[PDB]
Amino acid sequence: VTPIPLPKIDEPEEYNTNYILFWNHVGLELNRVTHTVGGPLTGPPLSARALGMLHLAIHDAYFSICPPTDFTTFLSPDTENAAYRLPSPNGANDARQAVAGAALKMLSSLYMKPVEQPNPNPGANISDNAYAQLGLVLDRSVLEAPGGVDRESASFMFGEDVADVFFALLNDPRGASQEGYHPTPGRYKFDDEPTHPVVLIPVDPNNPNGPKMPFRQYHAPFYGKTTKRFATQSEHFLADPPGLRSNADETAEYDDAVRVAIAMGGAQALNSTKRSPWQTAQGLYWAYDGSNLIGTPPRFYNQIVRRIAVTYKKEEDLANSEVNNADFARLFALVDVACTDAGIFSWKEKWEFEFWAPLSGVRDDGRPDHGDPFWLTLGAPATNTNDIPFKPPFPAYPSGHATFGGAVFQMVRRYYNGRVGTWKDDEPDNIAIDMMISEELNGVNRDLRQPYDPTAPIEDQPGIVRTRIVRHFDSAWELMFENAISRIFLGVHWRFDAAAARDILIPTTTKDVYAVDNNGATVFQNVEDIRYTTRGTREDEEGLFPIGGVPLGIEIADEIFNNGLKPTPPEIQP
């Protein structure tokens, strides 16, 4: 089959001399390829799950052979429960081959053709070409693996066994099912996106030029409530969003939110848009909304973590260093598991409240002096395609980006505290990074004038090229913040979807109404001064809960970390 020409990644090639990073890289490649061909594990919550499973398998394969001191393996070989019983090395002592077997097995189980009946219903939507392209990635990775892959080694086979365990235990085949779900129209209620009310998909995925059919998508409406958690030791909840349930009386907040939404997230040329060119860059930088050759947010968060990992490694040798191998194996397991659970809980709350997107909220507002029936947002970029911007097919509260980021970057902060610098676990850190380039703005990817051609490299395809922006960040606190507000700039999330408006915006004398600059643009607090302290109430539960995705993610990361990466007790599983 014709292999898809993938654009070059902006990262020192030395990174892949380390087999832990190499396998992480292979996971990231499958991520972007599956989103280009429409293969399995697409979308934000599930794509994060794939990475969590991959790194959990790698983590235990490595630490079984090279036992850790300050912590232990996720699963143990002495568990009476067969489902949580980790296999034993029994002679195997080649960590490199162990990791290879775990990674290869997991990724293959995740991305290959479900010959075991699973193809029906679940996989009945993915074309043969999709699987073929994914297979190519897998096949060549074996050949590019640093140190090679010896499929006949005992260590390799051990790794495979480890993968089988984690796969059977955590795989959620029907995770993204939407069968039986239908929106419940009304104020504040999620429903089909006005600029993309329906989509025409081929009746037969193997004949994309053949007859089409109308399709309305709702992304994983049942996943969050039915899926198995990874390492969280409890259920997490967010305060009711402004306008709903116990907070239905927070009208000043909601009204100002509508106001900030129009000014900060509208289309580039609308007279009501007050967003600056720089803020537009900040919005697109963190997108990764499932585009061709790009993939989803988890892929970007891992690209960032890869840089942090190498920038702050203990030993200079990337290839032959167990200190580095252990460090990376541990870090990525912590990070990707937190990302996985962040997805579960953000999706759980998303479909719990079913809060509507700013596009619908502004248009359907109804009040002549508050709404704008013809508003358009900067929207989620439709990169490497000729389609227009959209709003991802799922409820708004809370922001998945914000939750993912909160978890990933809080985990990084907990892990490096006292090593890169010293800070209170709830205050700004000093984990700075340089030369960080997003594939949304790399001088290569673009907005095409014609349909994407998968047989030709992106450079030979006409379109407006995205300006190359090289960033530097002073801390993971900043990363966490900007990643969250970027969605406000795109106009796909309300301010409260990120965090409590009181914690991120500059207040005025009027309660719930925040400050704007000379030209009407919203003013944010300085990153160093931001503290996610503002909590709210829930109708169905007593107490105060976090508002927005960031606080939720931070909470999930602290929990997992504090428990040293321990499985969710099967008793509290759904």
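For every residue, the number given is its place in the sequence shown, counted from 1.
Asks: Of the two stretches 300-308 and 163-171, which shows the higher Cα B-factor on average in the entry?
Replies: Taking the mean B-factor of the alpha carbons in each, 163-171 is higher.
Asks: Which wins on mean Cα temperature factor, 473-481 or 75-83?
Replies: Mean CA B-factor is higher for 75-83.
Asks: Using the temperature factors in the entry, find which of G295, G283, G148, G406 has the highest value at its Cα atom.
Replies: In this record, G148 carries the highest C-alpha B-factor of the candidates.
Asks: Looking at the C-alpha B-factor values in the deposited entry, which of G421, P89, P194, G443 comes out highest?
Replies: Among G421, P89, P194, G443, the highest C-alpha B-factor in the entry belongs to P89.
Asks: Looking at the temperature factor on the CA atom of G265, which third of the chain's modelled residues does it land in?
Replies: It falls in the bottom third of the chain.
Asks: Considering only modelled residues of the same chain, in which third does the CA B-factor of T534 rank: lowest, middle or highest?
Replies: Middle third of the chain for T534's C-alpha B-factor.
Asks: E29's Cα B-factor: lowest, middle or highest third of the chain?
Replies: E29: CA B-factor falls in the lowest third of its chain.
Asks: If you rank every modelled residue in this chain by C-alpha B factor, which third holds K511: lowest, middle or highest?
Replies: For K511, the deposited C-alpha B-factor lands in the highest third.
Asks: Split the chain's modelled residues into thirds by Cα B-factor; is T227 in the lowest, middle or highest one?
Replies: CA B-factor rank for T227: middle third.
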